[PDB]
Amino acid sequence: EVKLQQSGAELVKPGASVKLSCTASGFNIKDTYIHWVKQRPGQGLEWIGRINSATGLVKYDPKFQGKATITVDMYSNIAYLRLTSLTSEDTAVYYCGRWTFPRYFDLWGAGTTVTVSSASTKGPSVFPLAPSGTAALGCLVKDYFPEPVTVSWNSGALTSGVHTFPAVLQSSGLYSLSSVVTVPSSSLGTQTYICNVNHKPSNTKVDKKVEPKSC
Amino acid sequence: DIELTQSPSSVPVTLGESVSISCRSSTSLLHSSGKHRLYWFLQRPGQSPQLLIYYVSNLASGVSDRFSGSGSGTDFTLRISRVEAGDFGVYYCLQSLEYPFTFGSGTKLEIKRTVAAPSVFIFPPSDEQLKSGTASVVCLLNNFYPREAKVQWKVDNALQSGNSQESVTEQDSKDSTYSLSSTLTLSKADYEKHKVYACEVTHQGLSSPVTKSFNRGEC
Ligand SMILES: N[C@@H](Cc1cc(=O)oc2cc(O)ccc12)C(=O)O
């Protein structure tokens, strides 16, 4: 029932600023310290700083002084991280997490992906991977920028046997991935299979039915 | 700043066996309270960090007692007994003795399991894509071990090259296997020109290479 909900993925220009939110529900944020952690793609966790939500006072890693500002709105139950003079070194996932004397680091947001780029967003094209014991089917999620995309199957009813691949870059500078699932061959005439593909930077949401091929 | 060293960067461990990993600090983490100010986190793939251990030895609420810790002064150890597929990820230590709080560089846990051959599937391009002028052919290698595999594309028996890329999953959270996707991209014209599309898979689990192929038009 206690939860931290982080703001959506952001594509932001070099030199610009962005402000990320971290919303508490099921508890009063003023009773917690809020920590911010950075993770550049494929790298380790980096502590940015932490705010005492009851007093507004912050400790920072000095590596980020003059770029990072943590704040809290006690009334609205929201903590924030503001980053200025953005460069490609600021492309990363930013996590918020609470600390209390009784429960320590017991609760984190799901992270917000920030991409610093001169380039415009591109939304994905979604194509079916139609099925041929066990059958495989999927969706090809082609030509998007930046990360991330989300894929679910049958609005999240179908989790077993799903593999959503890591994105790969094409020579175009755009990402592509596939999501596949293995299902009983006997379900192909009975059970409908829909991939749900979301891409927040492009304001894209698509549902693609994947059904047996042709003739 | 206090520096936390995690060595080595990656350790392999067999499903069901125990393993120990190391965090060493540049200075004592002993607080005047008599607590050592060190925490352990697990970050599973695509997930937020998850607290395992507080103050060296204390199991966090809701965590399996397969996880334990020990040490003092500057050298700390996390222990995982009877390693499960779900333990795959990166383990990070954190110190809270002095600001700024600092993380270790993290130790990736690699899970060793038995050799497993891939299931191989080939997908033609969708009619919906073909209308756009591009054709993507997909080859899936499902649930194999170890990670090394070779995919060759052939069109009418002509060995392709330059016109494909692939992606590999991290180790599966249930069975510790890999899966791999290879995409061949051609132009509607090329694809309409040729008949037989084949994906040839070489892997150490297979006694010889497996080919999946289709003939365009023949459903
Ligand atoms: N007086 C402490 C309270 C505290 C705040 C916090 O955010 O994280 C912690 C972690 C600890 O292991 C111990 C104390 C804290 C302080 O400001 O450092």
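Only heavy atoms go into these numbers, but all of them, side chains included; no hydrogens, no water, no symmetry mates. Lettering of chains follows the sequences in order, A, B, ..., and the numbering in each one begins at 1.
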Side chains of A:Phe165 and B:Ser179 in contact at under 4.5 Å (non-hydrogen atoms): yes
With rounding to the nearest 0.5 angstrom, report the CG to CG distance, B:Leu51 to A:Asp106. 8.0 Å
Tell me, out of B:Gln129, B:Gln50, B:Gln47, who's got the most heavy-atom pairs with chain A below 4.5 Å. B:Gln129
Side chain, backbone, both or neither: which part of B:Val138 has a non-hydrogen atom closer than 4.5 Å to chain A? side chain
What do you reckon, is NZ of A:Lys30 surrounded by more than 12 foreign heavy atoms closer than 6.0 Å? no
Toward chain A, the part of B:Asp127 with a non-hydrogen atom under 4.5 Å: neither
Centres of the B:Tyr54 and A:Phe105 rings: under 6.0 Å? no
Heavy-atom pair count under 4.5 Å with chain B, highest-scoring of A:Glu46, A:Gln39, A:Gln43: A:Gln39
So which part of A:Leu140 gets closer than 4.5 Å to some heavy atom of chain B, the side chain, the backbone, both or neither? side chain
To the nearest 0.5 Å, what is the distance between CZ (A:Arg50) and OG (B:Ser96)? 11.5 Å
Counting only non-hydrogen atoms closer than 4.5 Å, does A:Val168 touch chain B with its backbone (N, CA, C, O), its side chain (CB onward), both, or neither? both
Using non-hydrogen atoms only, which part of A:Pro62 is less than 4.5 Å away from chain B: side chain, backbone, both, or neither? side chain
Residue among B:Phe121, B:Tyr55, B:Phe41, B:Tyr92 with most heavy-atom pairs under 4.5 Å to chain A: B:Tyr92
Expected output: side-chain B:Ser167 to main-chain A:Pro166 donor-acceptor under 3.5 Å: yes
For a 4.5 angstrom cut-off between non-hydrogen side-chain atoms, does A:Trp108 reach B:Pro49? yes
Of all of A:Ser214, A:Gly138, A:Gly44, A:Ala136, which one pairs up most often with chain B through heavy atoms under 4.5 Å apart? A:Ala136
Closer than 3.5 angstrom, by distance alone: can the side chain of B:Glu128 be matched with the main-chain N or O of A:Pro128 as a donor-acceptor pair? no
Going from OG on B:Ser181 to CG on A:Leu129, what distance comes out if it is rounded to the nearest 0.5 angstrom? 7.5 Å
Please classify the contact of B:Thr134 with chain A as side chain, backbone, both or neither, using a heavy-atom distance under 4.5 Å. side chain
Whether over 12 other heavy atoms sit under 6.0 Å from B:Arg24 CZ: no
Could you tell me whether the side chain of B:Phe101 reaches within less than 4.5 Å of the side chain of A:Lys59, counting heavy atoms only? no
Hey, are the side chains of B:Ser61 and A:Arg103 touching, using non-hydrogen atoms and a 4.5 Å cut-off? no
Any chance you could measure A:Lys213, atom NZ, to B:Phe214, atom CZ, to the nearest 0.5 Å? 10.0 Å
Check whether A:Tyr95 gets within reach of chain B through its side chain, its backbone, both or neither, counting any heavy atom under 4.5 Å. side chain
A:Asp61 and B:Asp1, any side-chain heavy atoms less than 4.5 Å apart: yes
A:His163 vs B:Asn143 side-chain heavy atoms within contact, under 4.5 Å: yes
One should read off an interatomic distance between A:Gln170 CD and B:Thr183 OG1, to the nearest 0.5 angstrom, of 8.5 Å
With only heavy atoms counted, which part of A:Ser125 is less than 4.5 Å from chain B, the side chain, the backbone, both or neither? neither
Can you tell me if NZ on A:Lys142 sees more than 12 non-hydrogen neighbours from other groups inside 6.0 Å? yes
Which answer fits A:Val37, side chain, backbone, both or neither, if we ask what part of it has an atom under 4.5 Å from a heavy atom of chain B? side chain
If I measure from the heavy atoms of chain A, does B:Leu94 come under 4.5 Å with its side chain, its backbone, both, or neither? side chain
What part of A:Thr182 gets within 4.5 angstrom of chain B, counting heavy atoms only: side chain, backbone, both, or neither? side chain
Interface moiety of A:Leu169 toward chain B, non-hydrogen atoms closer than 4.5 Å: backbone
Chain B heavy atoms under 4.5 Å from A:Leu137: which part of the residue, side chain, backbone, both or neither? backbone
For residues A:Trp47 and B:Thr102, determine if any side-chain heavy atom of one lies less than 4.5 Å from a side-chain heavy atom of the other. no
A quick test of your reading: do over 12 heavy atoms of other residues, nucleotides or ligands sit less than 6.0 Å from CZ of B:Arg79? yes
Assert yes or no for the condition that the ring centre distance of A:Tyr60 to B:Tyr99 is strictly below 6.0 Å. no
A:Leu45 and B:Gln43, any side-chain heavy atoms less than 4.5 Å apart: yes
